[PDB]
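Structure first, then comments.
Values in this text are rule-based calculations from the coordinates and carry no lab data. Positions of Cβ are backbone-derived with ideal geometry, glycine not excepted, and every protein chain shown enters the neighbour counts.
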Amino acid sequence: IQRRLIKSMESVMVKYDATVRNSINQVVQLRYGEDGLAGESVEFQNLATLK
Amino acid sequence: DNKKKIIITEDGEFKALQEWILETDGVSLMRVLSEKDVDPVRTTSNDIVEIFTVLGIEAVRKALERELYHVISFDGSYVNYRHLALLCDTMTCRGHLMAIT
Amino acid sequence: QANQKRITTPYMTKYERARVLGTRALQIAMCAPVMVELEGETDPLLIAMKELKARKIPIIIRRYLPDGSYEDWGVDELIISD
Amino acid sequence: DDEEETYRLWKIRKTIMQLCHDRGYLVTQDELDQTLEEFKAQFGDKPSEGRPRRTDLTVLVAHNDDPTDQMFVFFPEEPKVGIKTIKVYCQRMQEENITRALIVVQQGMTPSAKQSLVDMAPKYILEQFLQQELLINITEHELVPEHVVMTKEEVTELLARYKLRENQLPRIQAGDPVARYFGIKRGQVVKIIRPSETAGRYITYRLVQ
Amino acid sequence: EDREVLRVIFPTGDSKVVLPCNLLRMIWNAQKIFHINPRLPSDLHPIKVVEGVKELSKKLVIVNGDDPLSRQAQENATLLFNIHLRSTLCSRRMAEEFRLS
Amino acid sequence: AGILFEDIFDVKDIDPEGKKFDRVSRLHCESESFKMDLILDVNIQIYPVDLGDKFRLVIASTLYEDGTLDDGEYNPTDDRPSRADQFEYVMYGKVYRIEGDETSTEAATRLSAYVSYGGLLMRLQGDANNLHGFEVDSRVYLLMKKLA
Amino acid sequence: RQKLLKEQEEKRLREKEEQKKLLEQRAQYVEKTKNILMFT
């Protein structure tokens, strides 16, 4: 399963126009994670006006 | 609360209504949705192929994200949503269900 | 592409920093002139990092866009974070 | 046997009116939310004997932008619709000078009839729908996000902004349930607006194929 | 309005979100860096809070461009964070809860 | 002087919740001159305290009898006159919280100063008049002596 | 209260636009019934 996933997504990359694209240059996401943010810097918080 | 009916009371609070729900052993989402007194808005399935055939590519994108999240988080784990989103976009960006095979 | 309007980020990416530092360190190791002053540094990597902190690395990063065009940024024009 | 038949007819009509409204056709609010009892008053509650006959259920709407751009909705009586019925409907559309139609079949449609629906496309864009898939409006499902057919100006603006070709956008099949709901053909782009747990909102664009 | 947008984004009342900047921790850091006394009246104008948060929101750019399509994509990219920011850096919370200078 | 608070307390209870730590004990005490409650963590191994004891507690900002700030650094080779000479148990900690019964419109009638002496916690709560010397993130000394 | 009155009469205008749209759909339905008649 790991090998299959890797070979399926290996060339998907964040481009300099900030879009996420595969090797064919097709657009997979207009911004990474729908927000264009890297996963190391984000963290858990609470929306104070929701509940 | 993930299967309860979460409404917003008139006072503005989230309230979890304790309601009856049915779990089937087979899937006819096409037929079950079109039944009297059955909710055609929240009734779903875990068979992503039927979701694709009945609701479409974005519906199966969302449902596939939900099912992968359920598989990952059932053991209490947590994975950043952008990874699930990227996997699910890879499987659905070409208009059909692209298996990882 | 109009250099007056470059759409890419004004920050140097971690990969740009890595490759620029490696490239400049190799250039220093191959007896290229150093742009900053030196107290006692003899390691090319330390000299390259000092040049990057001083914003005195004579390299241009050619960032390619998916459409095929490119944007040229001087290492002094980018924002160095780390 | 009969109360459920009229219930199904009312539900199908409701989904059709919602569909036409979403495609941009002029639909009054009254028929957009028509109660079952109002449907019985306007059409009847005995479809089995012939009140209402499905031929009385035929809808004819006009586009908001162009009054001349009208569209039919036919409800054939036979479960398996044949090529002769398609020819009759095309003849009627020619007489009334209408160019778009929906055929809400009950059981299905013959292969010859489907091939007829496919070959004469440049003349009459007439679509095929099962009554089973009109008993629910799939766009109201929680899984289905908001789809919006973009105009050629909007598509050009999109491709110019992101500087990409149509083959680089993600795709949606022409036979997709939502693509068929919105009646969109190849070459058209659909803007999907869905909520995102990381960004709040996310707009993606899918090209029809 | 942001409250209603969150209510349609999170139909279940789950306020746990994953966002870039831990605003409560940054507020705590500011309280301790500048030795904010929670018992004394503050010298922060609530209009300064409103204007500063608006300018900050303008400076946080995920999608670059003045065209309306880039404007809408920018709105969407930072929507949830800007809601969190406006509800955390609110003038009232900054006046009676955080009491920053 | 450098004294933020001074009073005589009477040990009214020791470890109501039970002994949590072996060498440390929590005293719930009350004074008589000011009617202030006190929760205090003390190292009973070196300074044992029995129920019903009576002691003088002095929260101070400094140990030097003359008004002179401290540097927070350990200087055992210091020959200045320190007020720790007049007490038996001395700790050094910092104020990490000041609660009160204030409302959105009214000031506080009663305050509650919380201090941590390297993890040994104290809560001195009572009238706000007696706790104006306490400010959060401020270093203080305990200066506690047993009396008969 | 004067602004309350302005918003109230604005709602009256909007409901009047609702009525004019309703009669417009009636004015086109009276055309559509003859087509539905010659349909079957």
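Of note:
- Peptide-level mean, for B:32-43, of C-beta atoms on other protein chains within 10 Å: 4
- Rg/Rh for chain C, where both radii come from Cα atoms and Rh is the Kirkwood radius: 1.02
- Put in order of Cβ neighbour count within 10 Å, fewest first, the listed residues C:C31, E:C21 become C:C31, E:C21.
- Hz values of 3J(HN,Hα) by residue in region G:10-25 - Karplus curve (6.51, -1.76, 1.60), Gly and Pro given as x: 4, 4, 4, 4, 5, 5, 5, 5, 4, 5, 5, 5, 4, 5, 5, 5
- Charge dipole (Cα centre; +1 on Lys/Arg Cβ, -1 on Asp/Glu Cβ; no other charges) of chain D amounts to roughly 1120 debye.
- Across region F:13-148, Cα pairs under 8 Å and at least six residues apart give a relative contact order of 29 percent.
- Cα shape, region D:137-209, gyration tensor, a/c 1.5 rule: oblate
- At 1.002 mPa s and 20 °C, Stokes diffusion of region D:82-188 via Kirkwood alpha-carbon radius, µm² per second: 133 µm²/s
- Average projected area [Cα convex hull, the protein assembly as shown], square nanometres: 50.0 nm²
- For F:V140, the amide hydrogen comes within under 5 Å of the amide hydrogens of F:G93, F:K94, F:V95, counting only partners 5 or more places away or on other chains and with H modelled in the peptide plane.
- Rg ratio for chain B: its Cα radius of gyration over 2.2 N^0.38 Å, N being its residue count, equals 1.24.
- Compared with the rule-of-thumb size 2.2 N^0.38 Å for a compact globular protein, region D:117-156 has a Cα radius of gyration ratio of 1.66.
- Across A:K15/C:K14; F:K12/F:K145; D:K14/D:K114; F:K94/F:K146; D:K114/G:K32; A:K15/D:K152, pairs whose alpha-carbon gap is larger than 21 Å: D:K14/D:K114; F:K94/F:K146; D:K114/G:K32; A:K15/D:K152
- Spin-label pair F:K19/A:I24, simplified geometry with 7 Å Cα→Cβ offset, distance in nm: 7.4 nm
- Projecting the Cα atoms of F:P16, F:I39, F:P76 onto the charge dipole of region F:5-148, computed from C-beta unit charges around the Cα centre, puts F:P16 farthest toward the positive end.
- Listed values for region E:20-30 are Karplus-derived 3J(HN,Hα) couplings in whole Hz (6.51 cos²θ - 1.76 cosθ + 1.60, θ = phi - 60°), namely x, 9, 7, 5, 5, 5, 5, 5, 4, 4, 5, and x replaces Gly and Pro.
- Projected onto its three principal axes, the C-alpha set of region D:1-136 covers 40, 35, 25 Å, listed from the longest axis down.
- Per-residue Cβ neighbour counts within 10 Å put D:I184, F:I59, B:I8, E:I33 in the sequence E:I33, B:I8, D:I184, F:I59, beginning with the fewest.
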